[PDB]
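Letter by letter, the chains look like this.
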Amino acid sequence: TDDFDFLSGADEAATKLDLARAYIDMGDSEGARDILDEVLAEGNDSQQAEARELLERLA
């Protein structure tokens, strides 16, 4: 069953890191930034670091 199919905080941050990259590829830096900010709050230390890297490319 799919009764318990839900994603695990880090899996969500991982997805969001990739979504953020897609927004960047598309030139929507505002859309990328909003998603990256979620990673800052949600991701582990590595994902937070990566999100910070991506945020710096936007500046």
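Per the PDB record, this model was obtained through X-ray crystallography at a reported resolution of 2.050 Å.

Visitor: Describe the overall build of the chain, with residues and values.
Guide: In terms of regular secondary structure, the chain is built from three helices and zero strands. The linear arrangement of helices and strands in the chain, starting from the amino end, is α-α-α. When the backbone C-alpha atoms are referred to their principal axes, the chain occupies close to 45 × 25 × 15 Å. In the chain, once contacts between residues fewer than 6 apart in sequence are set aside, the share between residues at least 24 apart is 42%.

Visitor: So, the nonpolar core: which residues are in play, and what are the values?
Guide: Counting residues in each nonpolar core, the largest one holds eight residues, listed as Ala13, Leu17, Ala20, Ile35, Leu36, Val39, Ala51 and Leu54. Where this core is concerned, the elements lending two or more residues are α1 (10-25), α2 (29-42) and α3 (45-58). Setting aside its immediate chain neighbours within four residues, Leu17 contacts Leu36, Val39, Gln47, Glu50, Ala51 and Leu54.

Visitor: Mind laying out the pattern of salt bridges, listing which residues take part and the relevant values?
Guide: According to the stated counting rule, one finds six salt bridges in the structure shown. Among the ionic pairs, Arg21 bridges to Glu50, the shortest N-O distance being 2.9 Å. Linking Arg21 in helix α1 with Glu50 in helix α3, this pair joins segments that are 29 residues apart in sequence. Relative accessible area serves as the criterion here: at 35%, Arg21 is assigned to the partly exposed category. Through salt bridges that share partners, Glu12, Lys16, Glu38 and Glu42 make up one connected network.

Visitor: Which residues make up the environment of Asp11, and what are the values?
Guide: Mapped onto the elements of the fold, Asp11 is located in helix α1. A relative accessible area of 47% places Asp11 in the partly exposed class. A C-alpha to C-alpha distance of 26 Å links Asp11 and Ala59, two positions 48 residues apart in sequence.

The rules behind these values
Residues numbered from 1 in each chain as written, not as in the entry; some residues may be left out. Heavy atoms only, no water. Residues with missing side-chain atoms left out of burial classes, pairs and counts. Helix = DSSP H or I, 4+ residues; strand = E, 2+ residues; numbered from the N terminus. Contact = heavy atoms within 4.5 Å. Core = buried A, V, L, I, M, F, W, Y, C linked by side-chain atoms within 4.5 Å. Buried < 20%, exposed > 50% of the residue type's maximum accessible area, 1.4 Å probe, protein only. Salt bridge = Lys/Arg side-chain N within 4 Å of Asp/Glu carboxyl O.

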